[PDB]
Amino acid sequence: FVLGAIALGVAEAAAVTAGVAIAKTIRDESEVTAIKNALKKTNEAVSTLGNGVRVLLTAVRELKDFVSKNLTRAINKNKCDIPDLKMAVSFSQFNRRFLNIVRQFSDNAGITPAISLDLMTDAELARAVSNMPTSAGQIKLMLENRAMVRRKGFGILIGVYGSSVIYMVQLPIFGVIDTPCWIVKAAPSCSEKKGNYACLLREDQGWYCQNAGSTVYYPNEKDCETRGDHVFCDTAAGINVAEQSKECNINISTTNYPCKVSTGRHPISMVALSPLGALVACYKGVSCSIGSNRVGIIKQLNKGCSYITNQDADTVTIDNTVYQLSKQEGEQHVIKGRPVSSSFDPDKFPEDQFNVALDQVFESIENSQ
Amino acid sequence: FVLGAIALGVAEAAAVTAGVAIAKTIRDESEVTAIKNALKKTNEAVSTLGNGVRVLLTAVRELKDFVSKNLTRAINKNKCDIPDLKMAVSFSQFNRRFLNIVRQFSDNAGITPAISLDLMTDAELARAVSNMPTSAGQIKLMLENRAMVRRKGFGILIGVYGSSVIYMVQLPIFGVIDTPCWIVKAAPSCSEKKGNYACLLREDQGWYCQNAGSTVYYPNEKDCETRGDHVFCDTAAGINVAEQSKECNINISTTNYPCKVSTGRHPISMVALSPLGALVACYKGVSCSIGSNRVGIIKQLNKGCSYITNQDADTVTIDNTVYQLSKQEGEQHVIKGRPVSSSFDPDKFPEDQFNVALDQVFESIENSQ
Amino acid sequence: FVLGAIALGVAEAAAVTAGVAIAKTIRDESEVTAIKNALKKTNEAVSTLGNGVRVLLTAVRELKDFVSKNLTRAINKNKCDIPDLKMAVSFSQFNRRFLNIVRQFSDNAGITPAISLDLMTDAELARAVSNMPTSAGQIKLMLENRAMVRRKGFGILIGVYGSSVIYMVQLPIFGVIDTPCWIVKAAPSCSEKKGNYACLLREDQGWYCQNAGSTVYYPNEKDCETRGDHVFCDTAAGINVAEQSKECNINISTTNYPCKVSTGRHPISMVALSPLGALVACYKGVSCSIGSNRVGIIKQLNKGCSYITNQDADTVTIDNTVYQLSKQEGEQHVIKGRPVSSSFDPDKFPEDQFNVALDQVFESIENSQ
Amino acid sequence: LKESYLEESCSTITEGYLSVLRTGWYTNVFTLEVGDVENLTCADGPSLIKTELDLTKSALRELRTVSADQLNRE
Amino acid sequence: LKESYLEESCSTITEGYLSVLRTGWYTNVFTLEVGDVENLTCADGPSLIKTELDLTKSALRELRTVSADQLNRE
Amino acid sequence: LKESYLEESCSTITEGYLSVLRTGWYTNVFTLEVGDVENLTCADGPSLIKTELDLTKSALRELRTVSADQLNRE
Ligand SMILES: *[C@@H]1O[C@H](CO)[C@@H](O[C@@H]2O[C@H](CO)[C@@H](O[C@@H]3O[C@H](CO)[C@@H](O)[C@H](O)[C@@H]3O)[C@H](O)[C@H]2NC(C)=O)[C@H](O)[C@H]1NC(C)=O
Ligand SMILES: *[C@@H]1O[C@H](CO)[C@@H](O[C@@H]2O[C@H](CO)[C@@H](O[C@@H]3O[C@H](CO)[C@@H](O)[C@H](O)[C@@H]3O)[C@H](O)[C@H]2NC(C)=O)[C@H](O)[C@H]1NC(C)=O
Ligand SMILES: *[C@@H]1O[C@H](CO)[C@@H](O[C@@H]2O[C@H](CO)[C@@H](O[C@@H]3O[C@H](CO)[C@@H](O)[C@H](O)[C@@H]3O)[C@H](O)[C@H]2NC(C)=O)[C@H](O)[C@H]1NC(C)=O
Ligand SMILES: *[C@@H]1O[C@H](CO)[C@@H](O)[C@H](O)[C@H]1NC(C)=O
Ligand SMILES: *[C@@H]1O[C@H](CO)[C@@H](O)[C@H](O)[C@H]1NC(C)=O
Ligand SMILES: *[C@@H]1O[C@H](CO)[C@@H](O)[C@H](O)[C@H]1NC(C)=O
Ligand SMILES: *[C@@H]1O[C@H](CO)[C@@H](O)[C@H](O)[C@H]1NC(C)=O
Ligand SMILES: *[C@@H]1O[C@H](CO)[C@@H](O)[C@H](O)[C@H]1NC(C)=O
Ligand SMILES: *[C@@H]1O[C@H](CO)[C@@H](O)[C@H](O)[C@H]1NC(C)=O
């Protein structure tokens, strides 16, 4: 299996399913009427829908109040070239939110990709986060970083009912914080013997996080995003994996966990940036070097896999392609060991493999012999 | 072959090719002049370009008329701090469309990703859809759901000619409606014998639609989008496949069609949501359960592949990862059969395979023996 | 290895790393103070940050000047329903840039995906391009096509310091122009013998460009974009490959470079559009034809791989799926040769392979025998 | 943060990150009241108020042809 | 809609959907007339009309450096 | 442009393109001065200036909860 290909697109489909299913409940006429009732005396109300889910209800009435109580008075007998243009500028202010919401729902056919300031003001976002069914620490973190709540939510049009526009906003509940996460990066590890090559590349790169007893692997780029020490992940985008999976970082050749790799008979040079440095796979045919934003090129790198620290350098290059290192502080450690690829005989290496357990590569060599 | 990888990106490239090729015809100076002629007495005109394609021509002149007939009068001798600010508010209204179009074309370097209300108003979209070269039912469906026409089109800048801004909008013609479509979802099917595993996963998931005698497979997520019973697909994103391909849903082990699978020697637990339910692949190492938005957790699931109905549950979970089921109504049916994976001897299973015909997996087992 | 999968997402991650690392330097309080100093007597200043990088500094003060010198005067004793509405319209004009910047940074949690006209006006973009550390020809090309500089940059919020909003814009430096590039397209090549099939497909499609002695392969769709004769690529998105890689276009069966292919035992019909034409892979089960926007269907195509010129046709179709050809001029040439796939015995062909060196396919056949 | 370079596999693992995991969705239903702008008519030709009102009416009408779930068959 | 769970392969097929297939493109060319704003000059310092007009002129000029097909070599 | 169809592999190569390669990033730091709008108060009820000013203040405040690098722990 290719875990990344299995997980791809799952979180987006699950989010839309979740939102569309609730929208189906809200779209009934007796549901809309109950909602309009609950908001008859207030601008905010908590309620439980017919299907048993609890939601926040908000009423936005400024444009109705301006139309009923100011605009309609001023237009006596269908005449609108009045000399009070305050009336005209006021309208243009009072309808901007509504007009913006219409643009966003028409452009996206009723499902926005995220939550504009017109779907939800900063004030309304703060109230919605404060009402979420989670604990105080989670709410505090979401409140103080609510732009990230915004980014990961979206909106759905329920419909137009009378002169009333009804839509729903799905806000992400970050109900688990400050459990351990870690990230694996890797680059091709190649061994050359007599101008032939045996290469492998770890295929389990990406984010891992623990939660309530399990480890979840997030194989795809869009599933997680960092802000300093914190990494925001969508649980629906991950695959639960055995805790034994951490052995691939320990004894990848010995372990009995199925550490996924790809293989090749020809080297690939490239740079895998890591949070505190870079891996540079430098093989025959290219030149690699590391540089400083201050003192220029430092040093050319030897062939093979080299690990560069963001305190050792500011840039690493392959030929002319420049990669800028991060400036994040943290401790770097080398865990020495003979590269697994150098235990291969390039003359007995299998055909190129994509996303196979590493022990099936060793099996392939011995069953060929 | 990996059909998804072959089809990926094809529809977007074909759409841009189609649009850029027409833009090449329109961009000639004698083409622009003919267009300006045709619009000299009207705001809308149908025409045929030099290359033989038929197009709609629309003229937007409000801002020119305000500049020529109102603004220019009011600025006698280059003085603009006039006491009639109606003049200033009017200008700000009359130029907003133009200014918005400039933002959109500058941000995207001349090719917008879809059609804002400034490229094309609701009125202009309705006229363009009504002139399309297709039948009444197709036009009626597009008219009543024109936000979807909007979403799937885009715009291209032809250029600026004098004070005249010339651009083109590509509208999608949905020329075929209400032919049958269907969707295949799948999750890993694993058989365990003595703590070893043989697993497979169908690799033909996605949308299928018939049209004029053929079946088209849409392997990728962005190629199709549903609205109720209807699924909007871009034909350029699909692969034509034999009708015999439907046998993979019937006798996947017996058939002579090459039913594509991937294989593994280690289980993957996950949830594949289906329109009327969910498939839950639950294997050793995780706990799966189904829940109700009303009465909490219903039941833990047994190990293996389980099919859950959206009337049986509202949620399914793997460990703590929650998946919300849909609320779409429809009939669910089980087609019993021995899982193909359980006919495998985990001790004679091949190496992990990605996107291979299933009969090559059986071949692999018998030629190994 | 699958080169496309290795390179995927690299350029976006490298760009964000580069931008975030600089933002870390700028975000220090003594860095912000130095920046405010340098701009105390001017609206534009070049400077070197504490970490040794050289940057442009720009000051935007219109809204402060209107607030200090006009608005504050007019509001004597906290009263704002004044009869001069010029004051109200002026404010609405003077704050629009600021309000737009806030929307963009709140929606994206501090990292915009590209550079709106509010982050950077057309005037400021031109000044920033003119100050870039590159040669005159590169700057001239960027200046005259600056919408493309815009598209490929982005913005980052440094923070709010007092009443001062501090952000940075990363502009792409196109420091190398007018070196040779070329593009490889391909479609499945299938040989049938006795109703069995042997198929292959080149897996090295995409853009190649030379620079300073090396050839870079850009395997992914989002890495390069054309405008006429010019193709804009991000160097961080490519893989350096041996010059010998061009032999795959010359003697793909003979060469010793590892020409990557995928294989199948069952045909795929499809259309690969090329800049000056199309490749049509037409096999049993489908009908393919070529058409003219003027005179309708020209001709049905024979089975096998056919190359169609954009002067031979305007459209090619597989069944009912239409593909529009480009209208770009250029010379077309056929380089005849026996298709490699027809040298295969479908009864001795291997199992389906994904992204393997072609010589490992021949090896597979002879070591099976 | 602590990064370990694993020489045996040309890989790195970096630890010390803290999770922020999306575990659910919270729904905030909005009702935006537009008011009775469809009983309002401007008979006296071009006006600033007329254009603003017509923007509002045409936006209100366009919005009903938008649908996130079922196809409109009118 | 009718969903069938295929026990032999841990898959489902759901039928009953109706296609809406994009089969072609229709082209609507627009000509937006801006009018002669480049013969208009404001000599009397800051004005509301001056800023609106300058927005219009600078937007008009910026638009000619935009190109969807060929590189501008001026 | 010159396109060659390679009959031996059902592929084409097209040559004659000219590169425009992104080789670096140039940084343009902006300081947008808003002015002291937070010492400004409107006591006389609804006003056009009041709403514009309140837009400005609430936008200014919202902007400080936005962060591109570190989590805000207040
Ligand atoms: C690869 O490395 C890992 C990590 O060091 C090895 O895992 C460790 O294996 C030892 C040996 O069995 C375990 O020690 C035992 O722990 C149990 C705990 O209940 C105890 O009853 C025993 O007396 C003994 O102390 C150790 O727990 C385990 N570590 C972890 C984190 O699971 C692994 O064995 C190595 N694999 C190979 C094939 O060498
Ligand atoms: C897998 O299942 C499919 C679907 O049930 C099987 O397809 C069916 O095969 C039968 C046997 O040949 C076909 O019946 C014949 O139909 C022709 C029609 O012209 C008629 O001349 C014969 O007298 C006979 O009735 C049937 O049409 C066909 N169904 C479809 C939809 O094509 C298939 O054979 C199964 N495969 C294996 C390997 O068992
Ligand atoms: C596949 O086709 C390519 C391209 O035509 C072949 O490359 C060419 O091989 C010849 C034979 O060795 C080279 O000629 C030699 O060039 C060197 C240059 O220093 C010279 O010292 C020799 O006397 C001789 O003239 C030629 O340079 C080379 N072309 C390129 C562009 O590298 C290749 O050999 C073919 N492969 C197979 C397996 O047939
Ligand atoms: C609208 O009228 C109310 C009184 O009915 C008044 O208090 C308010 O200030 C008015 N607003 C505008 C914008 O004219
Ligand atoms: C512009 O002038 C025409 C008469 O030439 C008049 O009918 C129209 O109302 C004016 N519009 C504005 C916005 O002043
Ligand atoms: C603001 O005041 C200055 C004089 O201090 C004047 O020159 C300028 O025109 C005024 N601007 C506005 C918009 O009132
Ligand atoms: C006002 O509008 C309502 C709702 O559209 C309509 O039913 C009614 O006939 C109208 N009547 C008056 C007096 O405005
Ligand atoms: C007005 O503008 C046109 C077009 O740019 C220009 O050719 C002409 O010289 C100008 N003349 C007058 C009288 O405004
Ligand atoms: C004005 O605002 C500044 C900055 O927020 C504040 O420190 C000061 O106390 C205020 N004073 C006056 C007189 O406005």
Side-chain angles (χ1 to χ4, degrees), chain B residues 3 6-25 51-53 133 152-154 170-176 209 211-212 214 216-220 223 233-241, chain C residues 183-188 201 205 221 226 267-283 285-328 332, chain E residues 21-27, chain F residues 3 5 10-12 14:
Chain B
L3 271 189
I6 291 181
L8 187 73
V10 169
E12 215 258 3
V16 167
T17 302
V20 165
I22 271 166
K24 211 174 226 72
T25 301
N51 81 328
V53 199
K152 303 288 206 272
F154 65 100
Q170 294 291 88
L171 298 134
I173 307 180
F174 293 106
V176 168
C209 290
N211 179 28
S214 41
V216 173
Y217 173 35
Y218 302 93
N220 288 298
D223 303 332
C233 298
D234 186 319
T235 54
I239 309 285
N240 298 265
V241 300
Chain C
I183 171 156
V184 168
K185 295 290 206 183
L201 169 71
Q205 308 177 50
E221 314 61 23
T226 73
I268 304 300
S269 307
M270 67 174 282
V271 173
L273 294 165
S274 74
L276 312 196
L279 292 153
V280 191
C282 199
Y283 295 108
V286 314
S287 305
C288 317
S289 75
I290 64 182
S292 162
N293 291 331
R294 264 178 180 308
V295 312
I297 300 294
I298 294 166
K299 162 208 221 271
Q300 315 279 122
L301 294 191
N302 292 306
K303 297 266 156 310
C305 177
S306 324
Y307 172 58
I308 314 292
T309 280
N310 56 7
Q311 322 193 248
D312 284 347
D314 298 326
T315 58
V316 299
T317 62
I318 283 171
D319 281 352
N320 270 35
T321 305
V322 181
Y323 297 90
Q324 327 255 0
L325 264 38
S326 89
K327 297 313 258 298
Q328 172 90 60
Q332 294 98 351
Chain E
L21 307 179
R22 194 205 50 70
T23 49
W25 303 96
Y26 188 58
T27 301
Chain F
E3 196 171 88
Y5 161 57
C10 192
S11 58
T12 71
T14 315

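Throughout, protein chains are lettered first and strands after them, A, B, ... in sequence-line order, and every chain is numbered starting at 1. Just so you know, these numbers use all the heavy atoms, side chains as well, and skip hydrogens, waters and symmetry mates.
Remark: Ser11(F) pairs with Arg202(C), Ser9(F) by the side-chain hydrogen bond (donor to acceptor under 3.5 Å, both in side chains) rule, at least two apart or across chains. With sequence neighbours excluded, the residues satisfying side chain to side chain contact (heavy atoms under 4.5 Å, CB included) with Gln205(C) are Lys185(C), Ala186(C), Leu201(C). Take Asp319(C) and apply the salt bridge (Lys or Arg N to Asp or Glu O under 4.0 Å) test, not counting sequence neighbours, and it matches no residue. Every side chain to side chain contact (heavy atoms under 4.5 Å, CB included) that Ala236(B) has, sequence neighbours left out, goes to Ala11(B), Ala14(B), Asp234(B), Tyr323(C), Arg22(E). By the side chain to side chain contact (heavy atoms under 4.5 Å, CB included) test, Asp312(C) pairs with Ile308(C), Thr309(C), sequence neighbours left out. Taking the side chain to side chain contact (heavy atoms under 4.5 Å, CB included) definition, one finds that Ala15(B) meets it with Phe154(B), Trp25(E), sequence neighbours left out.
Disulfide status for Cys233(B) with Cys209(B): absent, SG atoms not under 2.5 Å apart. The SG atoms of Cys288(C) and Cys282(C) lie less than 2.5 Å from each other.
Judged by distance alone, with hydrogens and angles left aside, the side-chain atoms of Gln300(C) form no donor-acceptor pair with the main-chain N or O of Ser287(C) at under 3.5 Å. A donor-acceptor pair under 3.5 Å is formed between the side chain of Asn310(C) and the backbone N or O of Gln328(C). Side-chain N or O atoms of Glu221(C) include none that pairs as donor or acceptor with a backbone N or O of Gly9(B) at under 3.5 Å.
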Quiz item: Can you list the steps and then say if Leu279(C) with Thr12(F) is a side chain to side chain contact (heavy atoms under 4.5 Å, CB included)?
Solution: CA-CA 8 Å; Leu279(C) 292 153; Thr12(F) 71; 3.5 Å; yes

